[PDB]
Structures are given as structure tokens and as C-alpha cells.
Amino acid sequence: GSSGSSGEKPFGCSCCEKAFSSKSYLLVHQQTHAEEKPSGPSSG
Ligand SMILES: [Zn+2]
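Residues numbered from 1 in each chain as written, not as in the entry; some residues may be left out. Heavy atoms only, no water.

- Structure determination for this entry is recorded as solution NMR.

Written out as C-alpha cells, the structure reads:
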């Protein structure tokens with residue numbers, strides 16, 4: 001249906017469905033995926 005993207009975001013993450021405006025931002029965001037990864041023994 002009628003659905004658009006807020007602001008020009010030609011940059012879209014690969015792991016998630018997030019989008020940014022400037023690569024720089026997207027990059028820093030990727031760092032998160034390099035930590036607290038979901039793949040774990042399941043220990044609080
Ligand atoms: Zn991401």
C-alpha cells in the first residue's frame with residue numbers, strides 16, 4: 001500500500017532492515033552487530 005521512506009536513505013544495512021543517509025552513520029551502526037551478538041549459550 002501507500003508506503004514511502006522518510007528522507008533520502010540510499011544506504012540500507014545488510015543484517016537489519018535499517019536505512020541511513022550518510023554511510024558514516026551506517027558504519028558506526030554496523031559496529032553494534034559486532035557486539036552482544038545473538039548467537040550465544042543463552043546466559044544472562
Ligand atoms: Zn544493522
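1. What to know about the coordination of the zinc ion
(1) Moving on: The coordination sphere of the zinc ion contains the protein donors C13 (SG), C16 (SG), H29 (NE2) and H33 (NE2), at a distance range of 2.3 Å.
(2) Moving on: Of note is the zinc ion, whose 4 donor atoms meet at the metal with angles of 90 to 118 degrees in an arrangement that counts as tetrahedral.
(3) Moving on: Each donor residue of the zinc ion belongs to the same chain, with the gaps between them written as C-x2-C-x12-H-x3-H. Within this pair, whereas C13 is found in the loop between β1 (11–12) and β2 (19–20), its partner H29 is found in helix α1 (residues 23–33), the two being separated by 16 residues in sequence. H29 shares its class with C13; the two are buried. (Donors = N, O, S within 2.8 Å, 3.2 Å for Na, K, Ca; no water. Tetrahedral: all angles 85-135°; square planar, octahedral: opposite > 155°, others 65-115°. Helix = DSSP H or I, 4+ residues; strand = E, 2+ residues; numbered from the N terminus. Buried < 20%, exposed > 50% of the residue type's maximum accessible area, 1.4 Å probe, protein only.)

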